[PDB]
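K.L.:
all I have is the shape, not the residue letters:
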């Protein structure tokens, strides 16, 4: 399901020690900016590669 609301919640790292740096869709720009994930908190919008982010958040 391309362009899902899960990509609209911005980065969701949570309060849990800092551990999985990745990317999130920057709805200021138009692409996946980088962010730092934590460990056990927040929704999702966790995208490893920028393409992979735009495939689901910006459409394939």
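P.N.:
Looks like it came in fine. Numbers count the residues shown, from 1 in each chain.
K.L.:
residue 35 sits in which helix or strand?
P.N.:
Assigned by DSSP states H and E, residue 35 belongs to strand 31-37.
K.L.:
and that strand, what's buried?
P.N.:
Of all the residues in strand 31-37, those buried under the rule 16 or more other Cβ atoms under 10 Å are 32, 35, 37. No exception for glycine: its C-beta is placed from N, CA and C like everyone else's.
K.L.:
same check, this time on stretch 15-33
P.N.:
Those buried within stretch 15-33 under the rule 16+ other Cβ under 10 Å are 22, 23, 24, 25, 32.
K.L.:
contacts for that stretch, please.
P.N.:
Where contact means Cβ atoms under 8 Å, 6 or more residues apart in numbering, the residues beyond stretch 15-33 that reach it are 7-8, 10-12, 34-41, 45-50, 53-54, 57-58.
K.L.:
quick check: beta-bridge partners of residue 24?
P.N.:
With DSSP bridges applied, the residues forming beta bridges to residue 24 are residue 33.
K.L.:
quick check: the gap between it and residue 3.
P.N.:
Using Cβ to Cβ, to the nearest Å, residue 24 is found at 15 Å from residue 3.
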